[PDB]
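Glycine gets a Cβ as well: all are built from the backbone with ideal geometry, and neighbour counts include every protein chain shown. None of the figures in this text is laboratory data; all of them are computed from the coordinates on show.
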Amino acid sequence: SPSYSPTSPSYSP
Amino acid sequence: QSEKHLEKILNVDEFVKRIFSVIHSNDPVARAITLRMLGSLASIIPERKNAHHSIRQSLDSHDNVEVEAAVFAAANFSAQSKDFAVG
Amino acid sequence: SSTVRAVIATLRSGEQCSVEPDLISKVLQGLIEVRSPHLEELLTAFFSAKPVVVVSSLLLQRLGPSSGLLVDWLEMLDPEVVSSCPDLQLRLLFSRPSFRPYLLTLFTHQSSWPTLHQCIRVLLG
Amino acid sequence: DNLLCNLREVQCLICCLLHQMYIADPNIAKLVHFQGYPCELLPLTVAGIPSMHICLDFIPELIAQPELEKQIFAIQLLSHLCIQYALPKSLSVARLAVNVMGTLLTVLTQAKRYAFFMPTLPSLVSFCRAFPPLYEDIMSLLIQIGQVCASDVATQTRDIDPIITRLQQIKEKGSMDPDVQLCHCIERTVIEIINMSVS
Amino acid sequence: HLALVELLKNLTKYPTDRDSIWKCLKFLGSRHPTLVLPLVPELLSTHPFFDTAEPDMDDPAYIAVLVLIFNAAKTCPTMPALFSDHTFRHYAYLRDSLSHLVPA
């Protein structure tokens, strides 16, 4: 996604 | 507009978590809107430490809208939490 | 009080005269030291009709509670922070004042890039 | 002074607008990078626009384009993207770009070899900086390019004859022959790679 | 390292004891500083060249690792530069939140 950095923490539902 | 009704949701953790997930967005506008969400939700999440850390980190950002939203969120969280206020 | 009311009326009606900036500086210093309540009116009437030198020389010199009005004027009558008579403004900003951090905060964000570059050249070299 | 100028603030404002527009439509970013822009803007666009990491999705598609300028721009863009984002997929695309350059060494003609390898040789320094596992591939590729480019130096008579100057020291950082210019570019790129890896 | 692995799997098996386990790792880091120091690249998933993804904060295994690491770094200032940027951000977060465990 273009809105998040590749090193940003992932979202786990 | 619905600040008096958001004290009666009681699934606070996952709701705040899925809002808070887009504090990590590279968009400064999205970060600003999330800071305004956190300040708007400060009545029902005092002493929520990741929100405090996000406000503190966003206060030093280089984007003016994000810093203004962090100031607004800090003004809201300082009214609802004394542990946020002391630091 | 009567003379400052007369001077206010004269500046409100009449136009400029022989300014004699040393006399203006002495009068403003005297009114500051006696804490006249018409100081703001006198500054407004004086600067409505080189005020940078006058305000800078007043700030460089006790001012006490009247320093804030002079700082507001120096911010407002001088459009930049260091643009006219720069020696006095470098003495205001960097020298061996309680209002100095406000002037530094202005000069960092209000002055243009050539002025900032000239300031760092004269400050370092 | 490239930091305290009006140009820097204008660049930051334009980068913010381009970040917003790329978030609003990543296809616009793909179309723009397929069109390409001058490579002087590449460090500015990669550093200043945080949504440039999605360019790694279509850099494999961009490097397959028939036009040589698209492949040059794809390699130059991946050069800065690998410095900005050292991803495993960034390493995969870097390996792909190294293989593409190795293939285009044997596909392109001598004039095309010059016109392709003169801009894309500085990208190998960034590829080595991001991915130290790429040292073997980059050095084998550089040996191949240098040995190819020494042969057509030997083919024609030369005004400066770099074959004799095989024993030269490290030099300090216009009408010369293209093959000799390419040889000097290869030597300069391995100099920067060795200097970077030693430090 | 074996003690940390057993404490982490105890934390997984019993999440209620997270405060006591964090106290354990604080005392283990604070009193065995030099021994934790070579273990740091094995605990924080620090690739030598890859930019690593930021670990999920408020995940009790990851705070438990960080409490061990930061208390080891207090008495040994020899290698605090092994931290990445997000580890420094998490250090600030834990100093703001768990200040009775993580030291300055």
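With the cut-off at 21 Å, report for chain D the share of all Cα pairs above it, as a whole percent.
Values: 11015 of 19701 pairs.
Across chain D, Cα pairs with separations above 21 Å total 56 percent.
Using the Kirkwood radius over Cα pairs, work out the Stokes-Einstein diffusion coefficient for the stretch D:29-112 at 10 °C and 1.306 mPa s, in µm²/s as a whole number. Walk me through the numbers on the way to the answer.
Numbers: Rh = 13.0 Å.
For these conditions, the coefficient is 122 µm²/s.
I want the local charge near D:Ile160. Using Cβ-Cβ distances under 15 Å, sum +1 for each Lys or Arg and -1 for each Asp or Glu among the other residues. Intermediate values should be presented prior to the final figure.
On the way: positive: D:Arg158, D:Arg166, D:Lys171; negative: D:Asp152, D:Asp159, D:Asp161, D:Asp177, D:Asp179, D:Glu187.
Result for the local shell: -3.
What is the local net charge at D:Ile54, summed over the other residues whose Cβ is closer than 14 Å to its Cβ (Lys, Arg +1; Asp, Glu -1)? Let's see the in-between values first.
Numbers: positive: D:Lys30, D:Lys89; negative: B:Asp27, D:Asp25, D:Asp57, D:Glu61.
The answer is -2.
If I take the Cα coordinates of the stretch D:98-139 and project them onto the principal axes, what are the three extents in Å, biggest first?
Ordered largest first, the stretch D:98-139 gives principal extents of 31, 16, 13 Å.
How long are the semi-axes of the equivalent ellipsoid of chain C, defined as square roots of 5 times the Cα gyration tensor eigenvalues? Whole Å, largest first. Each step should come with its number before you reach the end.
Numbers: eigenvalues 171, 48, 28 Å².
Those come to 29, 15, 12 Å.
Report, in listed order, any pair from B:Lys49/E:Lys23; B:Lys49/B:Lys82; E:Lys23/E:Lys74; D:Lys30/D:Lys112; B:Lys49/E:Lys26; D:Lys112/D:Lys171 with a Cα-Cα distance greater than 22 Å. Working shown, then result.
On the way: B:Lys49/E:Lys23 19 Å; B:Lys49/B:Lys82 12 Å; E:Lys23/E:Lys74 15 Å; D:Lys30/D:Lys112 26 Å; B:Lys49/E:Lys26 20 Å; D:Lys112/D:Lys171 27 Å.
Cα-Cα > 22 Å for D:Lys30/D:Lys112; D:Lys112/D:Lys171; rest within.
Local charge sum around B:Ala30 (other residues, Cβ-Cβ under 15 Å, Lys/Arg +1, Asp/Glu -1)? Show your work: numbers first, answer last.
Numbers: positive: B:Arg18, B:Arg31, B:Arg36; negative: B:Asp27, B:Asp63, B:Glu66, B:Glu68.
Cβ neighbours under 15 Å give a net charge of -1.
Hey, what number do you get for chain D at 222 nm if only DSSP H runs of n ≥ 4 count, each worth -39500 (n - 2.57), divided across all residues, to the nearest 500? Write out the running numbers ahead of the final one.
Working: 10 runs with 143 residues, N = 199.
For chain D, the value works out to -23500 deg cm²/dmol.
For chain E, set up a Gaussian network in which alpha carbons nearer than 10 Å are linked by springs, and say which option among E:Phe83, E:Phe49, E:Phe70 fluctuates the most.
With Cα springs under 10 Å in chain E, the top fluctuation among E:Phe83, E:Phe49, E:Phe70 is at E:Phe49.
So which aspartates and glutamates can C:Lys50 reach, going by Cα to Cα under 20 Å and dropping same-chain residues fewer than 8 places off?
C:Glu15, C:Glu20, C:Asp22, C:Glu40, C:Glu41, C:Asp72, C:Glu75, C:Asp78, C:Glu80, C:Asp87
Roughly speaking, what is the centre-to-centre gap between the stretch C:50-125 and the stretch D:53-69 when only Cα atoms are used, to the nearest Å?
54
Per the helix-only calculation at 222 nm, which mean residue ellipticity applies to chain B, given -39500 (n - 2.57) for every DSSP H run of n ≥ 4 and division by its residues, nearest 500 deg cm²/dmol?
The per-residue figure over chain B is -18500 deg cm²/dmol.
For chain B, what is the convex hull volume of the alpha-carbon atoms per residue, in Å³? Walk me through the numbers before you get to the answer.
Working: hull volume 7.5 nm³, N = 87.
Output value, Cα hull per residue: 86 Å³.
Once you have all Cα-Cα distances for the stretch E:17-104, histogram them in 5 Å bins from zero and send the whole-percent values.
P(r) for the stretch E:17-104, in whole percents per bin: 3, 15, 28, 28, 19, 7, 1, 0.
Mind putting together the pair-distance distribution for the stretch C:1-60? All Cα pairs, 5 Å bins, whole percent per bin, short to long.
Here the calculated profile for the stretch C:1-60 is 4, 17, 32, 29, 15, 4, 0.
For the stretch D:68-135, just the Cα atoms, rotate onto the principal axes and tell me the three extents in Å, largest first.
Principal axes ranked by extent give 34, 17, 16 Å for the Cα atoms.
If amide H atoms are built 1.01 Å from N in the plane of the peptide, which residues on other chains or at least 5 residues away come under 5 Å of the amide H of A:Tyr4?
Here B:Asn26 satisfy the definition.
What average count of beta carbons from other chains do you get within 10 Å of the Cβ of residues in B:18-31? Could you put the intermediate results ahead of the total?
Numbers: counts 2, 0, 2, 7, 4, 2, 9, 8, 14, 9, 4, 4, 3, 0.
Other-chain Cβ atoms within 10 Å of each residue's Cβ, averaged: 5.
Using only Cα positions of the stretch D:103-199, each an equal point scatterer, no hydration layer, compute I(q)/I(0) via Debye at q = 0.25 Å⁻¹ and quote the log10 values to two decimals.
Here the Debye-derived log intensity ratios amount to -1.48.
In a solvent-free Debye calculation with one equal scatterer on each Cα, what is log10 I(q)/I(0) for the protein assembly as shown at q = 0.09, 0.10 Å⁻¹, listed in the order of the q values?
-0.96, -1.06
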